[PDB]
Structures are given as C-alpha cells and as structure tokens.
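Visitor: Below is the sequence, then the experimental coordinates.
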Amino acid sequence: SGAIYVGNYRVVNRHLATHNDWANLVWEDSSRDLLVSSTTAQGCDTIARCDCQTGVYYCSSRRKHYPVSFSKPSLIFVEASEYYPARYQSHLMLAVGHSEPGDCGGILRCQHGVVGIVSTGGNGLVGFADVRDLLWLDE
Ligand SMILES: COc1cccc(NC(=O)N2CCC[C@H](C(N)=O)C2)n1
Ligand SMILES: [Zn+2]
C-alpha cells in the first residue's frame with residue numbers, strides 16, 4: 001500500500017483505490033495503473049521533473065529503502081493477475097529489486113522529488129508507474 005500526497009491530490013495504484021478515492025475522483029488510467037483523488041489537507045511530497053534513471057524506492061516487505069537503476073518509462077507486457085487481465089501497461093519503469101504484491105504504492109524518488117510508485121514485480125524485479133509527465137499534479 002502507499003500514496004503520493006502532492007498539493008490537494010492523493011496518487012495511488014488504481015487497483016488499490018478505495019471507495020472514498022472513487023467518490024472524490026480527479027483522474028484515472030487503467031493502462032498506467034494510476035488513480036488520483038482530491039484531498040482536504042495539503043500534502044508535502046513534491047514531484048520530480050527530470051530524466052533521472054537512478055533513485056531509491058521503499059520496499060514494505062523488507063521495511064527498507066533500496067537504491068536502484070531503472071529503465072525509461074515504456075510499454076511493458078504484464079501477466080494476468082487478480083486485478084487486471086494480461087495486458088500492456090504504459091509509462092512503466094523496471095529495476096532489479098525485491099518486491100511482493102503488497103509492496104505496490106511504495107515511493108520511488110530521486111534528488112528532484114517523487115518519480116513514481118511501485119506497480120508490478122516478481123522474481124527479483126520491481127516495476128514503477130512513472131508520474132513525472134503529469135504536470136497538472138503541480139497546480
Ligand atoms: C509489486 O511486486 C510484486 C511482486 C510479485 C507479484 C506482483 N504482482 C504484480 O505485479 N501485479 C499484481 C497487482 C497489479 C499489477 C499491475 N500493475 O498490473 C500486477 N507484484
Ligand atoms: Zn531526478
């Protein structure tokens with residue numbers, strides 16, 4: 001689990017969105033596994049606006065933050081799960097790192113701010129849904 005709290009927005013994995021998120025919906029995209037809802041309180045996270053390919057992510061299944069090198073956001077095939085059929089997910093970045101299903105939502109960050117959140121994984125890989133192109137999160 002986990003979210004990004006920037007301005008009056010809450011960014012979560014679409015597959016983990018709550019009823020309150022759907023009832024206060026700002027934007028959602030199944031192909032990216034992202035959903036953004038509105039918040040009453042202002043958040044403290046800042047979004048990175050950069051082309052970093054190295055950063056650090058939080059892994060809840062280890063209670064640890066790990067440094068990683070990650071691929072550029074791309075269209076990657078994701079196998080069928082209990083949340084989606086087998087499909088291509090867009091704006092996804094892959095890295096070598098530990099992950100379990102419940103790790104979704106952990107933040108990936110670089111020196112400039114939040115880059116994205118954990119969205120896929122398995123067998124010593126971890127995938128992050130990028131948010132750096134969502135310029136509207138800053139206003
Ligand atoms: C997060 O790490 C792991 C580790 C092992 C397995 C998994 N499951 C995983 O990738 N998916 C299940 C949740 C929805 C994901 C998606 N974005 O389509 C696919 N995740
Ligand atoms: Zn950066």
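Guide: Okay, I see it. Numbering: from 1, shown residues only. Ligands and ions are numbered 1, 2, ... in the order given.
Visitor: what's the distance between stretch 13-23 and the middle of its chain?
Guide: Averaging C-alpha positions (CA atoms, centre = their mean, to the nearest Å) puts stretch 13-23 14 Å from its chain's average.
Visitor: Residues contacting that stretch from elsewhere in the structure, which ones?
Guide: Residues outside stretch 13-23 that contact it (CB atoms under 8 Å, 6 or more residues apart in numbering) are 1, 10, 12, 28-30, 32-35, 37, 83-84, 104-105, 117-119, 129. Where C-beta positions appear, they are placed from N, C-alpha and C, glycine not excepted.
Visitor: Take those and keep only those in strands.
Guide: The strands, defined by DSSP state E, take in 10, 12, 28-29, 34-35, 37, 117-119, 129 from the contacts of stretch 13-23.
Visitor: Which secondary structure state is assigned to the nearest residue in space to residue 139 that is not next to it in sequence?
Guide: Here the nearest residue to residue 139 in space, its sequence neighbours aside, is residue 7; by CB to CB, 6 or more residues apart in numbering that works out to 7.3 Å. What DSSP: H, G, I helix; E, B strand; the rest coil gives for residue 7 is strand.
Visitor: Over to residue 102?
Guide: For residue 102, the assignment made with three-state DSSP gives helix.
Visitor: check contacts around it.
Guide: Counted by CB under 8 Å, 6+ apart, residue 102 has contacts 1, 60-61.
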